[PDB]
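This document opens with one chain alone, in structure tokens, the form deposited in one PDB entry.
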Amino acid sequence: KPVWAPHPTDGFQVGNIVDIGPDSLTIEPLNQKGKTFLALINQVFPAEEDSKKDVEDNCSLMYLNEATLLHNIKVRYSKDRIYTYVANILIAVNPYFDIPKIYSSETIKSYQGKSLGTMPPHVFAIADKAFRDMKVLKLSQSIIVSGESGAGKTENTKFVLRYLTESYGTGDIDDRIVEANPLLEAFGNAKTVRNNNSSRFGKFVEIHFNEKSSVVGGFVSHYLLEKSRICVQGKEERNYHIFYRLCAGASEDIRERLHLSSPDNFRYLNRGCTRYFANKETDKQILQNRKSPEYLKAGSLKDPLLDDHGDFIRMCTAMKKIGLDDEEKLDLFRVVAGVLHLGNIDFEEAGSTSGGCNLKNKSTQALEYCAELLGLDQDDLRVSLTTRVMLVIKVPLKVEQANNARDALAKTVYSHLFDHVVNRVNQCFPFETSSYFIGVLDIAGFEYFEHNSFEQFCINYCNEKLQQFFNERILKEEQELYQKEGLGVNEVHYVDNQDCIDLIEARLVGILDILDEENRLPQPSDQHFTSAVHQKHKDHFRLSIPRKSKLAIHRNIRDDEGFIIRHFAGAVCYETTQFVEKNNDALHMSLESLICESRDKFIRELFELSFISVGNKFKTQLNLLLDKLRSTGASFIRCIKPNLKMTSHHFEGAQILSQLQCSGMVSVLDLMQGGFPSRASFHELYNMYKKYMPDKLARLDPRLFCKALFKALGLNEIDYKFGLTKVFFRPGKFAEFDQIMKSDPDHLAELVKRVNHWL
């Protein structure tokens, strides 16, 4: 009988064991009567007998191992079924094209009120299950969407919000919650090499409900907008979409008023890719004077979803749908164009004269446009960017320092604009009180590149905490409940990642605190910071020096120029240059005073050793989020990126297997095969049917009424198990378990009626 054996790029391959030896197996790959190869015994797995079949729940497999899990998800993917369960946890493999109709209004309605198992695996079923648990358990809910960059977290987050608003919404508040997202994507999403539409901030979106489970409003929390991208990008990346939507789609009147032109004309865009997303037809809708030479030569960027011209139109519709007037819209655009012009203010050395620098003569217009759009005096701005009062005098800044002042001001203005946008979105659906919420979490996903800096460190830190919460809720607490209730479920061990979080966040000697301490030294040094990190974490399993990397490009990074963190999702080598200055969130007073005293009302509203730790601010925000998550029932969607090329129909087995392992899903499948995802207490069950019980039943102890109710309901006893205080149901029995929990008086009387008859 055929088995699964290792394969370097497919993960596993199918063959037959043809001989066995001391500590190995000899495998003959299917249809290769010649060749054999050797495999360790613990690396060969039994395979499903039918290789073309799939099951909707991986718990239903004959053999439950990492190789069968991989293959089952693959067979489904090959048939455009991107969703599969492991009990009540959803696995979602990015298709990288739009599969027709699977998100239609019709499909939405078909999922309404259905139990897990009675419809195909779908994100819609996860959302419905959260709404039902909310209602029945009287308990706010959270849906955690996880995965690496480009796995599909954001698309799925939008499917959940759409499902919930369409299904349980009022029937104009809905739409508003949905249209908020494309609006925030404009300001906080950008092309990176992993994702054409990468989220460069984390979000938690809360749909709030009253006592009768009707939507009363929403609330969007936002976490750590990436700042450095505002000013510079790698050549295959872009700044936030809004810059290119505006350049591509603005009317000529708007382009004139804001002095826009093709993206190559702005420093804050032109180190990056200056090409638009467009297809053959949308290209023709963009005026020639918006196109860069790079665009004219190389043509447009292709994407199934993004279209800068078409996305500008949609973003303006979305603004009008949530209630921004044309004045608010133009204000947003003006500040955006002001940031652009700000970045064109360039500096040349003037050491022999002032000892500092002057503006380059060519930057004259930029200074003018910037000052006009930001309502500042040209001279005030000139002076704030080229000089600074210090300790007493007023000293001329060097060229490098003026650049930093220019960029720090640009980062803060744009950051405050983004903050204003998110707040404006919460204003479009406020509420004074609510009973529960369903929150959906969508973070920036695990990412690494040839060069990794502070941005990737913060982002991967946030993925680390999330994975830990999954471990806590699913692998730890679940096993603690089985034990506490005496179920004798075989313990499953796993590698935990709390040590990685400690390395980062522990008091005084965590990376975040060591970095903070560096910012407060007289001579802050990235090198000094990094040495201290290595020194205080000797032999720590999650830390290494860069030269131990598996990649050659890292071989020449000195010990004090970076470190490797061994994240749950994999080793990442960070280069520490700029960590110190990137960790400071504080804007110097001169620049703050400059922008707070703008002539423009709107800009004033943006703003209502100086050092504010970005790292510890972020930590504090995430711990509060986690406290909120712990106070809820949690559902999990694990997104999987099938390949490194953004193509459809290219399942990379080894890449996918690696993510199934790192996400803990192989461990979960192991625990679940003999676990009990559904349960409720004997007493609460009894107490709920009590008032409908004739005396013959009421007299039974709670436990024995349950046995009667289950036996009357045709329920087989392989399918459940009585613990100390709770009864537990196995995977595949969600429908049967939901019928038992149904609290509808007609339903309760009907089941009691069935028990009476059964006696």
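All residue numbers are counted from 1 along the displayed sequence. Rigid core (definition): largest C-alpha set, two forms, superposition within 1.5 Å.
Student: Is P120 without coordinates in at least a third of the other compared PDB entries of this protein that model the residues flanking it?
Tutor: No.
Student: Looking at the other compared entries that model residues on both sides of it, is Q578 unmodelled in at least a third of them?
Tutor: Looking at the other entries that model residues on either side of it, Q578 is present in every one.
Student: If the chain runs straight from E608 to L609, say none; otherwise bin the unmodelled deposited residues as 1 to 3, 4 to 9, or 10 or more.
Tutor: Per the record, 10 or more deposited residues are absent between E608 and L609.
Student: Looking at the deposited sequence, how many residues between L391 and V392 were given no coordinates in the entry: none, 1 to 3, 4 to 9, or 10 or more?
Tutor: Going from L391 to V392, the model skips 4 to 9 residues of the deposited sequence.
Student: Between 268-276 and 130-138, point out the one with the higher average CA B-factor as the PDB entry records it.
Tutor: Looking at the record's C-alpha B-factors, the answer is 130-138.
Student: Mean Cα B factor from the PDB record: higher for 456-464, or higher for 295-303?
Tutor: Stretch with the greater average CA B-factor: 295-303.
Student: Going by the entry, which of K321, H650, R314, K114 has the most elevated CA B factor?
Tutor: Going by the entry's C-alpha B-factors, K321 comes out highest.
Student: From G171, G633, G310, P642, which pick has the Cα B-factor that tops the rest in the entry?
Tutor: When the deposited C-alpha B-factors of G171, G633, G310, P642 are compared, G171 is largest.
Student: Could you tell me which third, lowest, middle or highest, the C-alpha B-factor of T68 occupies within its chain?
Tutor: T68: CA B-factor falls in the lowest third of its chain.
Student: Could you place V145 in the lowest, middle or highest third of its chain by Cα temperature factor, using the values in the record?
Tutor: CA B-factor rank for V145: lowest third.
Student: Consider only the C-alpha atoms of the modelled residues in this chain, order them by B-factor as the entry records it, and name the third containing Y223: lowest, middle or highest.
Tutor: Lowest third, going by the recorded CA B-factors of the chain.
Student: In terms of the CA temperature factor given in the entry, to which third of its chain does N490 belong: lowest, middle or highest?
Tutor: For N490, whose C-alpha B-factor we compare with every modelled residue in the chain, the answer is the highest third.
Student: If you rank the chain by CA B-factor, which third does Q483 end up in: lowest, middle or highest?
Tutor: As the PDB entry reports it, the C-alpha B-factor of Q483 lands in the highest third of its chain.
There is another form of the same protein, the form deposited in another entry; it is not shown, and what comes next is about it.
Student: With the core superposed, find the residue in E372, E155, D331, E518 that moves its CA 2 Å or more between the shown form and the other one.
Tutor: It is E518.
Student: Does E236 move its CA by 2 angstroms or more between the shown form and the other one when the core is aligned?
Tutor: The answer is no; the displacement is under 2 Å.
Student: Honestly, after the rigid core fit, is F97 moving at least 2 Å at Cα between the shown form and the other one?
Tutor: No, because once the rigid core is superposed, the C-alpha of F97 moves less than 2 Å between the shown form and the other one.
Student: Is the C-alpha displacement of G355 equal to or greater than 2 Å between the shown form and the other one once the rigid core has been superposed?
Tutor: Comparing the forms between the shown form and the other one, which are aligned on their rigid core, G355 does shift its C-alpha by 2 Å or more.
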